[PDB]
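So that we are looking at the same thing, I have put the structure below in structure tokens.
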Amino acid sequence: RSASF
Amino acid sequence: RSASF
Amino acid sequence: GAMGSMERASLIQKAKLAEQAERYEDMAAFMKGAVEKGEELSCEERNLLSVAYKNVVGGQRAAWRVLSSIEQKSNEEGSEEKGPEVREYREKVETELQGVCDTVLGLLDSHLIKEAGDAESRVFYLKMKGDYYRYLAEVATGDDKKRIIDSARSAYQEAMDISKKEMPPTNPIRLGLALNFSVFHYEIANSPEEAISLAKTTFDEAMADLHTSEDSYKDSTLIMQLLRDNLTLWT
Amino acid sequence: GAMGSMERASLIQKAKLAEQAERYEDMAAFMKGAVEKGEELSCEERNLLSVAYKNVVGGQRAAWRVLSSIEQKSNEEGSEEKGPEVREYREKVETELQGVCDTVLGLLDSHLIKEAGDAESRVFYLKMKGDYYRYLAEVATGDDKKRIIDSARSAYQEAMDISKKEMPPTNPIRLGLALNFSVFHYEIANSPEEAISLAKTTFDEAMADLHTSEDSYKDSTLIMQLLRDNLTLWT
Ligand SMILES: [Mg+2]
Ligand SMILES: [Mg+2]
Ligand SMILES: [Mg+2]
Ligand SMILES: [Mg+2]
């Protein structure tokens with residue numbers, strides 16, 4: 001659920 | 001651009 | 001082929017998982033394996049077959065349109081020449097799309113259509129045949145484009161005759177068939193007046209039949225709104 | 001392989017078309033062919049490589065999660081047994097995902113990383129190495145899960161050391177690397193406090209450097225907002 005880039 | 005189904 | 005070793009019920013179960021996972025290539029291969037088991041399909045299995053290939057070919061058609069547009073801009077005055085790469089890649093996607101259409105038409109011809117005796121199965125498969133010849137017609141340019149259009153028209157017309165005799169005007173398969181045949185007239189056969197007449201007539205006749213369940217009411221009116229949407233676009 | 005006969009510039013041009021067409025499988029194969037030409041990649045070509053495989057593996061990870069969830073529900077008390085089909089199909093997607101990760105790691109090892117001398121290229125590829133070991137770690141369960149996690153951690157740590165020495169705190173590659181290493185700590189290494197400390201420190205140090213163009217300001221603050229978003233999620 002964490003955002004990566 | 002016409003809709004089909 | 002590769003699905004020959006898997007049970008029919010397992011191919012169906014995995015097709016439903018693939019849909020949940022939005023893995024439509026898997027789904028179509030599973031459903032192609034289930035068809036090649038040789039047994040007729042239930043109504044639910046026909047819908048899974050339809051959903052899988054519609055999504056596969058729908059992505060290919062979207063990509064083809066992006067590439068065909070780039071290609072056409074590349075062929076205008078003042079545009080710098082960029083080599084054969086755009087035409088090559090457009091041709092690559094186009095060939096893949098045609099291969100999926102041929103796969104579907106091949107399943108319908110061997111042997112889904114000839115074993116379909118009920119109206120609901122027979123109209124469903126003939127509509128599919130018309131749809132996938134129509135997808136071929138979208139990208140056809142050579143000496144077969146006329147014959148592809150006529151194969152689409154013939155399959156749609158046969159499905160229409162059966163559906164008017166055998167189904168009520170509100171039946172979702174009958175409605176969806178008339179919608180797509182009207183899209184064929186407008187977008188493929190250069191017959192926008194025939195498209196509009198078909199859409200208006202189909203809508204009015206369904207409207208007069210709605211009074212005959214709330215669940216079926218919702219199913220029919222959903223498709224009638226697509227007819228309405230197109231009429232608003234076309235007029 | 002299959003791209004051996006095509007010019008490097010043509011593979012790059014077709015990779016850009018495939019992106020426009022949202023054909024990310026094509027894009028990755030084109031970019032894999034361009035890498036295998038043996039020349040180092042420009043900054044723009046590195047970004048195309050990254051976009052292509054991120055989208056390929058991103059779809060596979062999304063499907064794996066849908067299937068793993070169905071599988072876990074299938075293994076609870078009171079759930080009816082449905083046969084091996086869910087585990088089989090989850091394993092099928094999982095193996096495909098691992099194959100893409102191995103393909104990427106293979107490109108990095110042969111020979112992108114050993115030829116990257118500049119900070120921007122070397123940190124970019126080491127971050128990629130960490131990301132794709134992290135995607136392997138998401139689905140690892142056996143006796144190699146510890147070693148996969150440590151390969152991810154090692155690549156991220158090497159990239160961090162270089163980026164702190166060689167880049168300003170606002171550099172997008174440095175920011176994106178720190179974001180993903182913080183996601184590694186939180187989601188993979190069970191170190192949520194290390195994740196939060198890394199995210200807060202990375203954000204504050206970029207904030208103090210923003211005063212040094214409006215275009216680069218927009219690039220950095222975009223990634224800082226992702227750090228902010230995660231901090232809000234995590235605390
Ligand atoms: Mg088999
Ligand atoms: Mg008129
Ligand atoms: Mg080749
Ligand atoms: Mg604490």
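FYI, side chains are in, hydrogens and waters are out, and symmetry mates aren't considered; it's all heavy atoms of this structure. The sequence lines fix the lettering, A, B, ..., with proteins before strands; numbering per chain opens at 1.
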Only pairs under 3.5 Å count here: list side-chain donor-acceptor contacts from residues 46-55 of chain C, not counting sequence neighbours, and write none if there are none.
from: C/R46; atom 1: NH1; to: C/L41; atom 2: O; distance (Å): 2.9
from: C/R46; atom 1: NH1; to: C/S42; atom 2: O; distance (Å): 3.4
from: C/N55; atom 1: ND2; to: C/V51; atom 2: O; distance (Å): 2.9

Please lay out, stage by stage, how D/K127 and D/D131 fare under the test salt bridge (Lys or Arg N to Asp or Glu O under 4.0 Å). CA-CA 6 Å; D/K127 174 187 170 295; D/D131 290 336; 2.9 Å; yes
Does a salt bridge link D/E187 with A/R1, judged by any charged N lying under 4.0 Å from a carboxylate O? no
Flag the pair D/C101 / D/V57 as yes when at least one side-chain heavy-atom distance between them is below 4.5 Å, and no otherwise. yes
Set of residues satisfying salt bridge (charged side-chain N to carboxylate O under 4.0 Å, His left out) with respect to D/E7, sequence neighbours excluded: none
How many angstroms lie between CG in C/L177 and CG in C/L179, if you round to the nearest 0.5 Å? 9.5 Å
Could you list the residues that satisfy salt bridge (charged side-chain N to carboxylate O under 4.0 Å, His left out) with D/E19, not counting sequence neighbours? none
Taking only distance into account, with no hydrogens and no angle test, what donor-acceptor pairs under 3.5 Å do side-chain atoms of residues 21-31 of chain C form with protein atoms, sequence neighbours excluded?
from: C/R23; atom 1: NE; to: C/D26; atom 2: OD2; distance (Å): 2.8
from: C/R23; atom 1: NH2; to: C/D26; atom 2: OD2; distance (Å): 2.9
from: C/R23; atom 1: NH2; to: D/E96; atom 2: OE1; distance (Å): 3.1
from: C/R23; atom 1: NH2; to: D/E96; atom 2: OE2; distance (Å): 3.4
from: C/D26; atom 1: OD2; to: D/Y89; atom 2: OH; distance (Å): 2.4

Could you tell me whether C/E88 and C/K92 make a salt bridge, using a distance below 4.0 angstrom between a side-chain N and a carboxylate O? no
Tell me, please, which residues at least two apart from D/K129 pass salt bridge (charged side-chain N to carboxylate O under 4.0 Å, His left out). none
Measure the shortest side-chain to side-chain distance between C/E158 and C/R122 over non-hydrogen atoms and say whether it is less than 4.5 angstrom. yes
Begin from the C-alpha positions of C/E91 and C/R87 and carry the test salt bridge (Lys or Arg N to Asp or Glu O under 4.0 Å) through to its verdict. CA-CA 6 Å; C/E91 281 174 354; C/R87 172 195 55 83; 2.9 Å; yes
In this structure, CG of D/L97 is separated from CD of D/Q60 (nearest 0.5 Å) by 5.0 Å
Note: D/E39-D/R8 ion pair, threshold 4.0 Å (strictly below): no
Evaluate the side-chain proximity of C/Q20 to D/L67: yes if any heavy-atom separation is below 4.5 Å, no if none is. no
Nearest-0.5 Å distance, CG of residue C/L231 to CG of residue C/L198: 9.5 Å
With C/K16 via salt bridge (charged side-chain N to carboxylate O under 4.0 Å, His left out) - residues at least two apart: C/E44
Aromatic ring pairing C/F181/C/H185, orientation class (parallel under 30°, perpendicular over 60°, tilted between): tilted
